[PDB]
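Q: Supplied structure: query-v2.tsv, TSV, C-alpha atoms.
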```
chain	number	residue	atom	x	y	z
A	1	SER	CA	54.86	120.51	83.25
A	2	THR	CA	57.51	120.74	85.97
A	3	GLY	CA	58.27	119.24	89.35
A	4	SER	CA	60.35	120.36	92.31
A	5	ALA	CA	61.18	118.29	95.39
A	6	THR	CA	63.45	118.81	98.37
A	7	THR	CA	66.16	116.20	98.94
A	8	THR	CA	67.49	115.69	102.47
A	9	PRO	CA	70.70	114.02	103.75
A	10	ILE	CA	70.00	110.77	105.57
A	11	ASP	CA	72.63	111.44	108.27
A	12	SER	CA	75.19	113.97	109.52
A	13	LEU	CA	77.78	112.88	106.92
A	14	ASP	CA	75.62	113.30	103.80
A	15	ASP	CA	76.03	109.57	103.12
A	16	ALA	CA	72.99	109.70	100.82
A	17	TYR	CA	69.98	111.91	100.13
A	18	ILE	CA	66.29	111.00	100.26
A	19	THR	CA	63.46	112.61	98.32
A	20	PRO	CA	59.75	112.00	98.99
A	21	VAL	CA	57.89	110.27	96.15
A	22	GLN	CA	54.15	109.67	95.92
A	23	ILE	CA	53.21	106.23	94.58
A	24	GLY	CA	49.71	104.95	93.88
A	25	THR	CA	46.18	106.05	94.65
A	26	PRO	CA	45.68	107.15	97.37
A	27	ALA	CA	49.29	108.27	97.50
A	28	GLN	CA	51.79	106.21	99.44
A	29	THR	CA	54.77	108.47	100.15
A	30	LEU	CA	58.15	106.74	100.21
A	31	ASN	CA	61.55	108.38	100.66
A	32	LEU	CA	63.71	107.32	97.72
A	33	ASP	CA	67.38	107.70	96.88
A	34	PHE	CA	67.53	109.45	93.49
A	35	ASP	CA	70.37	107.75	91.65
A	36	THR	CA	71.74	109.14	88.37
A	37	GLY	CA	73.96	106.03	88.21
A	38	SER	CA	71.15	103.46	87.81
A	39	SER	CA	67.86	103.13	85.98
A	40	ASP	CA	65.44	101.16	88.20
A	41	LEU	CA	62.73	102.63	90.41
A	42	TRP	CA	62.42	99.99	93.12
A	43	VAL	CA	60.78	100.06	96.53
A	44	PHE	CA	60.50	98.17	99.75
A	45	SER	CA	57.05	96.64	99.62
A	46	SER	CA	54.44	94.39	101.17
A	47	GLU	CA	56.17	91.65	99.14
A	48	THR	CA	59.61	92.14	100.72
A	49	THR	CA	60.78	89.23	102.88
A	50	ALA	CA	59.72	90.29	106.37
A	51	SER	CA	63.12	89.65	107.98
A	52	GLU	CA	64.68	92.03	105.42
A	53	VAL	CA	62.49	95.02	106.39
A	54	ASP	CA	63.68	97.02	109.42
A	55	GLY	CA	61.91	100.37	109.69
A	56	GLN	CA	61.46	101.26	106.02
A	57	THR	CA	58.14	102.52	104.69
A	58	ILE	CA	56.69	99.97	102.28
A	59	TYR	CA	54.61	100.23	99.11
A	60	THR	CA	51.52	98.01	99.24
A	61	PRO	CA	50.19	97.67	95.68
A	62	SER	CA	46.97	95.97	96.82
A	63	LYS	CA	46.02	99.26	98.51
A	64	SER	CA	46.51	101.32	95.33
A	65	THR	CA	43.55	101.45	92.98
A	66	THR	CA	45.84	102.38	90.08
A	67	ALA	CA	48.41	99.59	90.58
A	68	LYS	CA	48.55	96.84	87.97
A	69	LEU	CA	50.85	93.82	87.98
A	70	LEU	CA	53.19	93.89	84.97
A	71	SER	CA	52.61	90.26	84.15
A	72	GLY	CA	55.73	88.14	83.88
A	73	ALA	CA	58.13	90.99	84.64
A	74	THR	CA	60.97	90.52	87.10
A	75	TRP	CA	63.99	92.59	88.03
A	76	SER	CA	67.32	92.01	89.72
A	77	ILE	CA	70.07	94.55	90.26
A	78	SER	CA	73.57	94.54	91.72
A	79	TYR	CA	75.18	97.86	92.58
A	80	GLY	CA	78.83	98.86	92.50
A	81	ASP	CA	79.08	98.63	96.30
A	82	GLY	CA	78.06	94.96	96.26
A	83	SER	CA	74.47	95.52	97.39
A	84	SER	CA	71.53	94.05	95.49
A	85	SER	CA	67.77	93.64	95.31
A	86	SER	CA	65.20	91.84	93.17
A	87	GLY	CA	61.49	91.27	92.75
A	88	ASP	CA	58.46	91.73	90.49
A	89	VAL	CA	56.92	94.79	88.85
A	90	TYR	CA	53.76	96.87	88.99
A	91	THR	CA	52.79	99.89	86.98
A	92	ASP	CA	51.32	102.75	88.98
A	93	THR	CA	51.06	106.51	89.19
A	94	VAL	CA	54.22	108.16	90.51
A	95	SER	CA	54.58	111.83	91.40
A	96	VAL	CA	57.71	113.77	92.37
A	97	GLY	CA	57.38	117.35	93.53
A	98	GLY	CA	54.06	117.83	91.73
A	99	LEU	CA	55.12	116.13	88.47
A	100	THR	CA	53.00	113.04	87.75
A	101	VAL	CA	53.74	110.03	85.53
A	102	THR	CA	51.04	107.45	84.92
A	103	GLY	CA	52.02	103.89	84.09
A	104	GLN	CA	55.45	104.10	85.71
A	105	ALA	CA	57.15	100.76	86.36
A	106	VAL	CA	57.44	100.41	90.14
A	107	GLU	CA	59.74	97.49	90.90
A	108	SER	CA	58.59	95.80	94.11
A	109	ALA	CA	61.37	94.16	96.11
A	110	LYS	CA	60.93	90.58	97.19
A	111	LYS	CA	64.55	90.45	98.40
A	112	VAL	CA	67.07	93.12	99.41
A	113	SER	CA	70.65	92.75	100.59
A	114	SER	CA	71.66	93.49	104.16
A	115	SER	CA	72.94	97.00	103.48
A	116	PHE	CA	69.45	98.06	102.38
A	117	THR	CA	67.79	96.37	105.35
A	118	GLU	CA	70.22	98.07	107.72
A	119	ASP	CA	69.43	101.56	106.37
A	120	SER	CA	65.99	102.37	107.72
A	121	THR	CA	65.95	105.82	106.09
A	122	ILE	CA	65.95	104.68	102.43
A	123	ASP	CA	62.71	103.14	101.18
A	124	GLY	CA	64.01	102.43	97.66
A	125	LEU	CA	65.82	103.96	94.71
A	126	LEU	CA	64.65	106.11	91.81
A	127	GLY	CA	67.03	105.65	88.92
A	128	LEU	CA	67.85	108.58	86.64
A	129	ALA	CA	70.51	107.10	84.34
A	130	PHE	CA	69.56	106.04	80.82
A	131	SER	CA	66.77	103.49	80.39
A	132	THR	CA	69.14	101.09	78.58
A	133	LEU	CA	70.41	100.09	82.06
A	134	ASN	CA	66.96	99.19	83.41
A	135	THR	CA	66.98	95.59	84.63
A	136	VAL	CA	63.32	94.61	84.07
A	137	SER	CA	62.97	91.40	82.07
A	138	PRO	CA	61.70	90.37	79.58
A	139	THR	CA	60.56	93.90	78.66
A	140	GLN	CA	62.91	96.69	79.75
A	141	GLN	CA	61.14	99.64	81.39
A	142	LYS	CA	61.65	103.40	81.22
A	143	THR	CA	62.88	105.62	84.02
A	144	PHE	CA	60.63	108.22	85.62
A	145	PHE	CA	62.51	110.95	83.74
A	146	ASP	CA	62.18	109.15	80.40
A	147	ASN	CA	58.44	108.77	80.96
A	148	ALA	CA	58.02	112.41	82.02
A	149	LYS	CA	60.30	113.94	79.40
A	150	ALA	CA	57.76	114.64	76.66
A	151	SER	CA	55.45	116.43	79.11
A	152	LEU	CA	58.17	118.58	80.67
A	153	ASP	CA	58.57	122.22	79.71
A	154	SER	CA	62.20	121.39	78.90
A	155	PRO	CA	63.68	117.85	78.82
A	156	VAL	CA	65.98	118.36	81.80
A	157	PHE	CA	66.36	117.71	85.48
A	158	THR	CA	68.71	119.40	87.93
A	159	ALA	CA	70.47	118.26	91.08
A	160	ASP	CA	71.28	120.81	93.76
A	161	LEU	CA	72.55	118.75	96.67
A	162	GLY	CA	73.30	120.43	99.98
A	163	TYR	CA	76.34	120.17	102.20
A	164	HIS	CA	74.96	119.13	105.58
A	165	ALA	CA	71.66	120.65	104.48
A	166	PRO	CA	68.65	119.94	102.26
A	167	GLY	CA	68.76	120.61	98.55
A	168	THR	CA	66.50	120.29	95.51
A	169	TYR	CA	65.75	118.10	92.51
A	170	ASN	CA	63.90	120.00	89.78
A	171	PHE	CA	62.29	118.52	86.66
A	172	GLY	CA	61.53	120.43	83.50
A	173	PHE	CA	63.14	123.81	84.25
A	174	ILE	CA	66.41	125.43	85.28
A	175	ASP	CA	66.09	127.65	88.38
A	176	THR	CA	68.33	130.56	87.44
A	177	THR	CA	68.32	131.77	91.07
A	178	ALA	CA	69.92	128.55	92.34
A	179	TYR	CA	73.48	129.11	91.08
A	180	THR	CA	76.07	131.84	90.59
A	181	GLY	CA	77.78	132.77	87.37
A	182	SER	CA	77.00	130.74	84.26
A	183	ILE	CA	76.37	127.06	83.61
A	184	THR	CA	79.09	125.36	81.58
A	185	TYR	CA	77.79	122.50	79.48
A	186	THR	CA	79.87	119.50	78.46
A	187	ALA	CA	79.34	116.51	76.19
A	188	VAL	CA	77.86	113.23	77.43
A	189	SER	CA	78.43	109.71	76.16
A	190	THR	CA	75.50	107.36	76.72
A	191	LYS	CA	77.40	104.30	75.44
A	192	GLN	CA	77.58	102.75	78.93
A	193	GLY	CA	74.11	103.99	79.95
A	194	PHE	CA	75.52	106.62	82.35
A	195	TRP	CA	75.80	110.41	82.40
A	196	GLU	CA	79.41	109.98	81.34
A	197	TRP	CA	81.55	113.03	80.61
A	198	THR	CA	85.18	114.16	80.54
A	199	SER	CA	86.56	116.57	83.11
A	200	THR	CA	89.36	118.81	81.86
A	201	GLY	CA	91.61	118.48	84.91
A	202	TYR	CA	92.10	119.19	88.58
A	203	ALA	CA	93.88	121.23	91.22
A	204	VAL	CA	94.70	120.45	94.85
A	205	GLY	CA	94.18	123.35	97.23
A	206	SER	CA	95.83	126.52	95.95
A	207	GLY	CA	98.06	124.53	93.59
A	208	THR	CA	98.32	124.87	89.85
A	209	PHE	CA	95.62	123.36	87.67
A	210	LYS	CA	96.69	120.17	85.89
A	211	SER	CA	95.08	119.90	82.46
A	212	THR	CA	94.24	116.24	81.89
A	213	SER	CA	91.18	114.41	80.60
A	214	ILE	CA	89.31	112.45	83.28
A	215	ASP	CA	86.39	110.41	81.99
A	216	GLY	CA	83.78	109.66	84.62
A	217	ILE	CA	80.11	109.57	85.51
A	218	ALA	CA	77.90	112.03	87.35
A	219	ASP	CA	76.37	109.75	90.01
A	220	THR	CA	74.08	111.13	92.72
A	221	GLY	CA	73.75	107.62	94.17
A	222	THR	CA	77.45	107.35	95.07
A	223	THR	CA	78.60	109.19	98.19
A	224	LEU	CA	82.28	109.82	97.41
A	225	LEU	CA	84.51	111.09	94.60
A	226	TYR	CA	86.42	108.22	92.94
A	227	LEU	CA	89.31	109.30	90.71
A	228	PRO	CA	92.49	107.81	89.22
A	229	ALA	CA	95.14	106.74	91.70
A	230	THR	CA	97.59	109.39	90.46
A	231	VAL	CA	95.09	112.19	91.18
A	232	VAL	CA	94.07	110.81	94.55
A	233	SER	CA	97.70	110.33	95.63
A	234	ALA	CA	98.44	113.95	94.70
A	235	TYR	CA	95.50	115.12	96.82
A	236	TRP	CA	96.30	113.14	99.98
A	237	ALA	CA	100.02	113.96	99.75
A	238	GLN	CA	98.97	117.48	100.83
A	239	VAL	CA	97.46	116.18	104.11
A	240	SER	CA	100.03	115.43	106.80
A	241	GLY	CA	99.58	111.93	108.13
A	242	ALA	CA	97.16	110.76	105.44
A	243	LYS	CA	97.67	107.25	104.13
A	244	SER	CA	95.91	104.52	102.20
A	245	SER	CA	94.80	101.77	104.58
A	246	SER	CA	94.13	98.34	103.09
A	247	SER	CA	92.37	97.29	106.29
A	248	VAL	CA	90.03	100.28	106.32
A	249	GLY	CA	89.54	100.23	102.55
A	250	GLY	CA	90.91	103.57	101.40
A	251	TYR	CA	92.60	106.79	102.36
A	252	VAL	CA	92.34	107.89	105.97
A	253	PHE	CA	93.72	110.99	107.61
A	254	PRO	CA	94.13	112.44	111.12
A	255	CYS	CA	90.89	113.95	112.30
A	256	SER	CA	92.93	116.94	113.53
A	257	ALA	CA	93.90	117.83	109.95
A	258	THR	CA	92.47	120.71	107.92
A	259	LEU	CA	91.81	119.40	104.41
A	260	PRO	CA	92.63	121.31	101.22
A	261	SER	CA	90.02	121.97	98.61
A	262	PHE	CA	89.87	120.02	95.36
A	263	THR	CA	89.03	121.67	92.04
A	264	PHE	CA	87.78	119.84	88.96
A	265	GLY	CA	87.47	121.24	85.45
A	266	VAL	CA	84.33	121.46	83.35
A	267	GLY	CA	85.52	122.77	80.02
A	268	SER	CA	87.23	126.06	80.82
A	269	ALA	CA	85.25	126.38	84.08
A	270	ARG	CA	86.25	125.20	87.54
A	271	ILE	CA	84.20	123.69	90.37
A	272	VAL	CA	85.81	123.96	93.81
A	273	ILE	CA	85.04	121.30	96.42
A	274	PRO	CA	85.83	122.81	99.85
A	275	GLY	CA	88.10	120.76	102.06
A	276	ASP	CA	85.39	120.21	104.65
A	277	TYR	CA	83.29	118.36	102.04
A	278	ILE	CA	86.05	115.72	101.88
A	279	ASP	CA	85.87	114.83	105.60
A	280	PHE	CA	83.71	111.75	106.26
A	281	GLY	CA	84.58	111.60	109.95
A	282	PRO	CA	85.93	108.93	112.25
A	283	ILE	CA	86.32	105.45	110.76
A	284	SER	CA	84.61	104.12	113.91
A	285	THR	CA	83.03	105.93	116.83
A	286	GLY	CA	85.67	107.69	118.91
A	287	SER	CA	88.52	107.10	116.47
A	288	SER	CA	90.96	109.89	115.62
A	289	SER	CA	91.38	108.41	112.11
A	290	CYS	CA	88.96	109.95	109.64
A	291	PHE	CA	87.78	108.60	106.30
A	292	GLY	CA	88.55	110.54	103.14
A	293	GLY	CA	85.94	111.66	100.65
A	294	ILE	CA	88.25	111.34	97.63
A	295	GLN	CA	89.22	107.72	96.93
A	296	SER	CA	90.90	105.78	94.16
A	297	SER	CA	88.78	104.37	91.35
A	298	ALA	CA	91.50	101.87	90.39
A	299	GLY	CA	89.44	98.90	91.61
A	300	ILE	CA	86.13	100.13	90.14
A	301	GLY	CA	86.79	100.39	86.41
A	302	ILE	CA	85.28	103.87	86.10
A	303	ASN	CA	85.75	107.28	87.69
A	304	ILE	CA	82.74	108.48	89.67
A	305	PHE	CA	81.79	112.08	90.37
A	306	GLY	CA	79.62	111.22	93.36
A	307	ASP	CA	77.93	113.43	95.90
A	308	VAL	CA	81.21	114.90	97.24
A	309	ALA	CA	81.73	116.50	93.83
A	310	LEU	CA	78.14	117.11	92.77
A	311	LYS	CA	77.08	118.90	95.95
A	312	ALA	CA	79.69	121.59	95.21
A	313	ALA	CA	77.72	122.46	92.03
A	314	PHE	CA	74.34	123.07	90.51
A	315	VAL	CA	74.15	120.22	87.99
A	316	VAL	CA	71.95	120.12	84.88
A	317	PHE	CA	71.13	116.70	83.39
A	318	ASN	CA	70.02	117.70	79.89
A	319	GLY	CA	68.07	114.86	78.30
A	320	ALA	CA	67.67	116.44	74.89
A	321	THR	CA	68.12	114.21	71.85
A	322	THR	CA	71.86	114.73	72.27
A	323	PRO	CA	72.28	114.76	76.07
A	324	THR	CA	74.70	117.08	77.85
A	325	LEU	CA	75.66	117.91	81.43
A	326	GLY	CA	75.88	121.42	82.86
A	327	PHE	CA	77.77	122.54	85.96
A	328	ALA	CA	77.60	125.88	87.76
A	329	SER	CA	79.07	127.10	91.01
A	330	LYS	CA	76.57	128.05	93.70
```
Just give me the structure of the file as structure tokens.
A:
Amino acid sequence: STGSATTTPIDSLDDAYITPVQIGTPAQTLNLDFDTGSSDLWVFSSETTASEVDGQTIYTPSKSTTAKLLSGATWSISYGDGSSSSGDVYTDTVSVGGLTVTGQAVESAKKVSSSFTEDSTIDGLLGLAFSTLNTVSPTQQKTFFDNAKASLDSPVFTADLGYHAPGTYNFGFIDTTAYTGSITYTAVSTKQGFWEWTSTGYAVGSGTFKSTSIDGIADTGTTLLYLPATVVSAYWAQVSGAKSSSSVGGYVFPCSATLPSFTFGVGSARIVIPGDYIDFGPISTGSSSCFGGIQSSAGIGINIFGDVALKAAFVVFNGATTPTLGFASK
């Protein structure tokens, strides 16, 4: 089997991407944030505290003839940005882009943090990291990909995120028309539960490539590119007037600036992030200070190849017995 679904930016900055997912019978379609940095499929629901729902579409398990309470199971997750959610668990039929999994754990939110409430466009998350990170207790549950894997034509999914445009998540096949050149594959460590890999270096604009190992994760659920302070300083030093602002929470730059590209290495290959992908616009409406899309990871504990990086590539998440990542230009 295969599946193919369009993913759409939630706003004009590509802050996140939503993908329609069918849950239950008859189908309830919710728009979920596919997140290769986490491993829970959770949804706003009829069980969510009413004051914490503000415009989201909710899953109502009592209206699904295939829903079944997973007795005793609870979940609770905290994300790297400080947001969180928790609740109980149903199993139900879940379909993405024509690919159907029966018995998928659908984690129903009883509580969500304010950042989720305040984003009316995201009805939940669909985690695509390794199932060892799934938070369901006392019996950990499998991701949608893990459940689908055996049925797929090939045990892979691909992320093709758009810049200010829709893109595609495919399951079970590699669309050879969706990228240019060849795909360069690189080794993955699953020891932390992430799609963790080592970039071979970077360049700023037209500058020389610096060969250096940068360990990080491929994370579709993180907006920006978080890299070591040395790398980030070298980037922003090429932008007149750019500075790190403690009060804003990262590097900012004059909105009148033209940003240089940023290249990252994948083995001997190179992925180029155009400068315009690194502009996240005014820090507040009407401001002439703009927020940068490359930020230091020094306070995170891990480097994160988020959407800023991934949307410059066609990315293969190869879930074979020994997983690998593939990157191609497009």
Q: Can you work out the spacing between CA of residue 155 (chain A) and CA of residue 318 (chain A) in Å, to one decimal?
A: 6.4 Å
Q: To one decimal place in Å, what is the distance between CA of residue 204 (chain A) and CA of residue 34 (chain A)?
A: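 Here the two named atoms are 29.3 Å from each other.
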Q: Do a neighbour search on residue 118 (chain A) at 12 Å with only C-alpha atoms, toss out local chain neighbours closer than 2 positions, and write the hits as a PyMOL selection string.
A: chain A and resi 51-56+83+112-116+120-123
Q: Go through A:111, A:149, A:142, A:164 one by one, measure the shortest atom-to-atom distance of each to residue 277 (chain A) using only C-alpha atoms, and give the residue with the smallest value.
A: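 Nearest to residue 277 (chain A): A:164.
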Q: Give the answer as one residue: which of A:291, A:280, A:314, A:44 has the shortest atom-to-atom distance to residue 119 (chain A), using only C-alpha atoms?
A: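 Looking only at the distances to residue 119 (chain A), the closest residue turns out to be A:44.
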Q: Using all atoms listed in the file, which of A:231, A:94, A:271, A:290 sits nearest residue 243 (chain A)?
A: A:290
Q: When you draw a straight line from CA of residue 309 (chain A) to CA of residue 248 (chain A), how long is it in Å?
A: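 Atom-to-atom, CA of residue 309 (chain A) and CA of residue 248 (chain A) are spaced 22.1 Å apart.
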Q: Quick one: residues within 10 Å of region 206-208 of chain A, all atoms listed in the file counted, chain neighbours fewer than 5 positions away excluded, as number ranges by chain?
A: A: 260-263
Q: Restricting the calculation to all atoms listed in the file, which member of A:287, A:154, A:4, A:95 is positioned closest to residue 28 (chain A)?
A: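 Once distances to residue 28 (chain A) are computed over all atoms listed in the file, the minimum belongs to A:95.
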Q: Any chance you could model N, CA and C atoms for region 235-267 of chain A and send them as a short mmCIF file (atom, residue, chain, number, x, y, z; two decimals), in the frame of the given file?
A:
```
data_model
loop_
_atom_site.label_atom_id
_atom_site.label_comp_id
_atom_site.auth_asym_id
_atom_site.auth_seq_id
_atom_site.Cartn_x
_atom_site.Cartn_y
_atom_site.Cartn_z
N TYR A 235 96.33 114.43 95.83
CA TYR A 235 95.50 115.12 96.82
C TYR A 235 95.98 114.80 98.24
N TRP A 236 96.03 113.52 98.60
CA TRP A 236 96.30 113.14 99.98
C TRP A 236 97.74 113.42 100.39
N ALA A 237 98.66 113.56 99.43
CA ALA A 237 100.02 113.96 99.75
C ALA A 237 100.07 115.35 100.39
N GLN A 238 99.03 116.16 100.23
CA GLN A 238 98.97 117.48 100.83
C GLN A 238 98.34 117.48 102.22
N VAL A 239 98.07 116.31 102.79
CA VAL A 239 97.46 116.18 104.11
C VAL A 239 98.44 115.41 104.98
N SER A 240 99.04 116.09 105.96
CA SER A 240 100.03 115.43 106.80
C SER A 240 99.40 114.27 107.55
N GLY A 241 100.03 113.11 107.44
CA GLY A 241 99.58 111.93 108.13
C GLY A 241 98.57 111.10 107.37
N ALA A 242 98.11 111.55 106.21
CA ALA A 242 97.16 110.76 105.44
C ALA A 242 97.86 109.57 104.81
N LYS A 243 97.13 108.47 104.71
CA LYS A 243 97.67 107.25 104.13
C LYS A 243 96.53 106.40 103.61
N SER A 244 96.85 105.52 102.67
CA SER A 244 95.91 104.52 102.20
C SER A 244 96.01 103.30 103.09
N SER A 245 94.88 102.90 103.67
CA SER A 245 94.80 101.77 104.58
C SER A 245 94.07 100.62 103.88
N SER A 246 94.78 99.53 103.64
CA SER A 246 94.13 98.34 103.09
C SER A 246 93.06 97.81 104.03
N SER A 247 93.32 97.86 105.34
CA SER A 247 92.37 97.29 106.29
C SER A 247 91.10 98.13 106.38
N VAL A 248 91.22 99.45 106.29
CA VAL A 248 90.03 100.28 106.32
C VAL A 248 89.34 100.29 104.96
N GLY A 249 90.10 100.21 103.88
CA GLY A 249 89.54 100.23 102.55
C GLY A 249 89.65 101.56 101.84
N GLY A 250 90.65 102.36 102.15
CA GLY A 250 90.91 103.57 101.40
C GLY A 250 91.77 104.53 102.20
N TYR A 251 91.85 105.74 101.69
CA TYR A 251 92.60 106.79 102.36
C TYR A 251 91.91 107.24 103.63
N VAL A 252 92.72 107.35 104.67
CA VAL A 252 92.34 107.89 105.97
C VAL A 252 93.31 109.00 106.32
N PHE A 253 92.90 109.86 107.24
CA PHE A 253 93.72 110.99 107.61
C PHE A 253 93.45 111.35 109.06
N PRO A 254 94.37 112.06 109.72
CA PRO A 254 94.13 112.44 111.12
C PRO A 254 92.95 113.39 111.23
N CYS A 255 92.05 113.08 112.16
CA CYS A 255 90.89 113.95 112.30
C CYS A 255 91.26 115.38 112.67
N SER A 256 92.45 115.60 113.22
CA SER A 256 92.93 116.94 113.53
C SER A 256 93.38 117.73 112.31
N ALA A 257 93.42 117.13 111.13
CA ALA A 257 93.90 117.83 109.95
C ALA A 257 92.84 118.78 109.41
N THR A 258 93.31 119.85 108.76
CA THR A 258 92.47 120.71 107.92
C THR A 258 92.72 120.30 106.47
N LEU A 259 91.65 119.94 105.76
CA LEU A 259 91.81 119.40 104.41
C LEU A 259 91.85 120.53 103.38
N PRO A 260 92.67 120.38 102.35
CA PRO A 260 92.63 121.31 101.22
C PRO A 260 91.42 121.08 100.33
N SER A 261 91.06 122.11 99.60
CA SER A 261 90.02 121.97 98.61
C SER A 261 90.52 121.12 97.45
N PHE A 262 89.58 120.74 96.59
CA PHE A 262 89.87 120.02 95.36
C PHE A 262 89.05 120.66 94.26
N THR A 263 89.70 121.05 93.17
CA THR A 263 89.03 121.67 92.04
C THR A 263 89.00 120.69 90.88
N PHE A 264 87.86 120.59 90.20
CA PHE A 264 87.78 119.84 88.96
C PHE A 264 87.33 120.75 87.82
N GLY A 265 87.81 120.45 86.62
CA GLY A 265 87.47 121.24 85.45
C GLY A 265 86.25 120.74 84.70
N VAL A 266 85.46 121.70 84.24
CA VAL A 266 84.33 121.46 83.35
C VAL A 266 84.57 122.41 82.18
N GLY A 267 85.06 121.88 81.07
CA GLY A 267 85.52 122.77 80.02
C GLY A 267 86.53 123.75 80.59
#
```
